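Single chain ahead, written as structure tokens, the form deposited in one PDB entry.
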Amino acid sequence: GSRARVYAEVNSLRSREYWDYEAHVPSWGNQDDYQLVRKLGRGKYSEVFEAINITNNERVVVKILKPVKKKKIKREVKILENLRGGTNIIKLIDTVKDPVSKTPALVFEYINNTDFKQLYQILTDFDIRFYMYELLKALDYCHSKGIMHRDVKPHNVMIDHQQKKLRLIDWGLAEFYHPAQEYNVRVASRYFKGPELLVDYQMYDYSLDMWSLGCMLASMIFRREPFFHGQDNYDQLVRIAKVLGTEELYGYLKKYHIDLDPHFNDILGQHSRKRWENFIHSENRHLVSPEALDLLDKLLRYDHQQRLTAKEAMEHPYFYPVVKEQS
């Protein structure tokens, strides 16, 4: 018995065709217009190339989708089409197929990304506020469109640190939120999984992404990346509990009637909730204000309902310097 505090009924209030992705029929253009230039990465579901559209010389990124149920392809395509024009969401330029093999691929705008491992050690206080605000715009947008990203992490946040451009990428795990629906907890990267996933609570919502966002904020202001570095999914919860506290975890479980896998009994131990100021030291002190800590405390909460929404986070005083600059 849990529902999102925002955008709970937004899919219910739209035409079924909006969210019934299995019924979506994409228009597949011709991949022969694109010349692959360089491999940028590979995952379990895709490989990604920098490319050039030979008809107009536009530099793009082509994500060639590996064999999966056509259902997952339709889901990602329909989600991207629903997100068209959204602020700081990667722009889908076209949906194309190899005209012979019919292998599908997604064509995105190019971003000249700086890998987060370099970047996150040289950000200023203002830079962190700026990039977190930009990422929040993308999450508020997709949540408002009834979509949970479910894989927020640095590797899915492309940042051009020269042009100050940020895009949220890889919508292949994203889903439509419907109240009371049970979702697969095998989403997100280990380090960015919310406690709800780690305790097998399936009735989660957009607030999962706000946990992941909080993990990114913590890594930036404190310079510990990833912030919660579990060795496996069990140890991931232990790492969280050593900060947020074990009695506090048990109160969350009790509230939502969550059953705890008994393997945790041997590993959680007993831990008091820690003050966020404990993470400050000389190397990160210039990034950590009272506002940053207040915001972080309101994101990295066990209780998914009590976490700030993306909009509430955007409204927090931590971002006032950014809003003032963007006005």
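For clarity, a rigid core is taken as the largest C-alpha set superposing within 1.5 Å between two forms. In this text, residue numbers run from 1 along the sequence as written.
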{"query": "Per the entry, higher mean C-alpha B factor between 241 to 249 and 130 to 138", "finding": "241 to 249"}
{"query": "Per the entry, higher mean C-alpha B factor between 113 to 121 and 213 to 221", "finding": "113 to 121"}
{"query": "Selection by C-alpha B-factor (highest) of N156, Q162, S144, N88", "finding": "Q162"}
{"query": "Maximum C-alpha temperature factor, selected from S207, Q231, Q202, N82", "finding": "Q231"}
{"query": "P104 CA temperature factor, ranked by third within the chain", "finding": "middle"}
{"query": "Third of the chain's Cα B-factor distribution that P179 belongs to, per the entry", "finding": "highest"}
{"query": "Third of the chain, ranked by Cα B-factor, where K39 sits", "finding": "middle"}
{"query": "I93 - Cα temperature factor, lowest/middle/highest third of chain", "finding": "middle"}
{"query": "CA B-factor placement of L268, once the chain's modelled residues are sorted into thirds", "finding": "highest"}
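This next part talks about the form deposited in another entry, which is not shown.
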| query | finding |
| --- | --- |
| Rigid-core-referenced C-alpha movement of 2 Å or more between this form and the one not shown, selected from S289, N284, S46, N53 | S46 |
| CA-CA separation of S219 and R42, closer or farther in the other entry than in the form shown [shift of 3 angstroms or more] | closer |
| Cα-Cα trend for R186 and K44, given that in the other entry the distance shifts by 3 Å or more | farther |
